[PDB]
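Okay, so we've got the same protein chain twice, two forms, each given alone as structure tokens, structure 1 and structure 2.
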Structure 1
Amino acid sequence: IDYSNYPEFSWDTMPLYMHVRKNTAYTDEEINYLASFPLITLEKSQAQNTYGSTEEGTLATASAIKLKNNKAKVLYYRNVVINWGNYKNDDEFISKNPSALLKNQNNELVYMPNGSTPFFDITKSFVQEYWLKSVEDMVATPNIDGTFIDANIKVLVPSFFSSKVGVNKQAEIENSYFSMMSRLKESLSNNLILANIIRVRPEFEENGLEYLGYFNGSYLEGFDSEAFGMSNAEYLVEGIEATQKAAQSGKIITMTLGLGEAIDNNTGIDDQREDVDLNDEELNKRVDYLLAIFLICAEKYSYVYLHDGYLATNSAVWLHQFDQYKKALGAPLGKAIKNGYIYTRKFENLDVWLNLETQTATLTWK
């Protein structure tokens, strides 16, 4: 594996990931905070009320981060199939090309739930080229190091599109998706490509690992959000195993874990959370638990984000550093030991104990 374009990494203290958006520009204090993370993904709808568009807000934010810390790696979010708002170039492209959006056999638009957000028809070569260039042209700018690709799982779980446009069209969408990812693997070979891929699914024999050859690593969401009749503990057992394998193979891992509870969701896709609402003692227990899950899986280039949503202005932990992020961690002394639903792992300066069945953990700092 070529590691030359990878982010900084140290075991000295918790390795942290940031994944964030804001409706307006970040303050100087917020830029300093962002620049302290080794790896940052700038989400959709990025400072759009200040800069007029996500493209411009991304460019302005990335420039400001790099001026404070040029070693921080900044990724541009891009959804491979969902036509979200607030991209000026996408709005213009779609206005001139209504046929670029996915339609059923009646030629009517199909949408995401609870609104009128449509999808790109990525089976069309002009749509593929539009999308690819939008990513490549943004990554080619001096302050962006790569891209985070979202909605891979929506392409690759066949029922997601087959329930909207049928089996044949889903298969064509999937073929086109892989052609696009092959192109980005080559054009972004001197950059970073992170994808939302690993998720426990009955349709994926290896829970997303079978798709990682296209990417430098995987982002994870919904890690603690079970479906398919599985218990929460069994769902986490299976996700831990997949993440350990990916991390041990040298892939970047950016494990997001919601501090707040999952919103009811039995689809095994997405990870919308309730706002966190915990007293100080309970919040510290939740932090310990989620960090323990991460640390049972982590290898070099694994990073964690314990979040209260990705919108900075609605998050109780934005700008906050937990004590657990400041304490000495040190390198792992061995792989995790699994004892049923209990896991342990030793680091130079920390012993981790995790019990999935009781949803508790202890972090014993040396």
Structure 2
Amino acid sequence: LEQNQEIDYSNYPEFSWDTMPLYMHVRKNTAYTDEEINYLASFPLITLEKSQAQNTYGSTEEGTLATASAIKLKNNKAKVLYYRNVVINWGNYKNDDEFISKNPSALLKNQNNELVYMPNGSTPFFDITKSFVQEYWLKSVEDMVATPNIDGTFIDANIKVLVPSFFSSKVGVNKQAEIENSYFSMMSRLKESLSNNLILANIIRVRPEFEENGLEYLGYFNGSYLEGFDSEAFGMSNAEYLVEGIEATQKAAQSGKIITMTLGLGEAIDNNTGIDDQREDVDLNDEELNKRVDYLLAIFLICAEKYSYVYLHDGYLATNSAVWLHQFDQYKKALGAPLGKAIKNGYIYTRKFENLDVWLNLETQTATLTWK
């Protein structure tokens, strides 16, 4: 497997321990308002998702260019990444629609010559084992990153390639191995062509198939995004699963890799409204919600190093998120640099920062943040 490059921070985002280091990961079907652009530009690192303002600009490619330009005019130090899925042919890319229309052989088929699909039964996959597909995909990423207001790319679906059962259950064992081989070739290409840019990947993840829970695959990338971080599987308890995720993240962060930890608040916010009635306004000062914020931030702070950033979200679509435009009080208070690594005692972790003491209990899913 690809080895990690010597650390070069030249192209990394801004970072400070002064207050919570924050990540943004977002889409909207129409253009952001001026207020929303100002909000985006306040984050040190922003990923622009798929379906980026396509109902204003006609396509994600043009919506991305317009959004990134507007962000950079407000804060040219903000780093902006372009989302790209390595295997799933999601909608609203004008250039992908044209490529697939003209070249139907670009899509992935099973051994019986049938197109295979995501669970919606309609979104197909790029057959990245084909040279012309690799070249199209690599050029699409390189061309977008080369534009003036894009700093790098967020590569998604690495784990669908690398967990053998995902594709072997669709296209067979040999085709899965071929998809994996081509994936590694394509990542090697980007590691070189984007060496003056940033590459973030959705890669660190507790998996029985990954001996090092994704750390073994970080060699191509400047860092990892994390999801599924508190969603246990494989018969593991929630606490056992988080213990492994925390260990992987600590090791990655301490190696100098960017970490963008995402943790969902959607379950803590949902109030059984919004389907056939108005979604009831959420009290963002609610005591119980803020205990959940403390808990999720404690998980993050137990792992964090320089270039670690957090997003507590209610989905990535701006117009359907109850936390859009909101700054929790925990994001404004003085944090300060760590005074040491986290200390682990069973499922209880503690960590000291210059202006904050963290206590975390994974078993009870509780934490205390004692701000100084």
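The term rigid core refers to the most C-alpha atoms you can superpose between the two forms while keeping them within 1.5 Å. Reference numbering: structure 1, starting with residue 1.
If I align on the rigid core, exactly one of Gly258, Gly208, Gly239, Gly268 should have its C-alpha move by 2 Å or more between structure 1 and structure 2; which residue is that?
With the rigid core fitted, the residue that moves is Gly268.
Please determine whether the C-alpha atom of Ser159 is displaced by 2 Å or more between structure 1 and structure 2 following superposition on the rigid core.
Result for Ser159: no, shift under 2 Å.
Using the core for the fit, does the CA position of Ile82 change by 2 Å or more between structure 1 and structure 2?
No, its C-alpha moves less than 2 Å.
Fitting the rigid core first, would the Cα of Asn279 be found 2 Å or more away between structure 1 and structure 2?
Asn279 C-alpha, core-superposed: shift of 2 Å or more.
Taking the rigid core as fixed, quantify in angstrom how much the C-alpha of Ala336 shifts between structure 1 and structure 2.
Shift of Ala336 at C-alpha, rigid core superposed: 0.2 Å.
Once both forms share the same rigid core frame, by what distance in Å has the CA of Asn104 shifted between structure 1 and structure 2?
Its C-alpha moves by 1.1 Å once the cores are overlaid.
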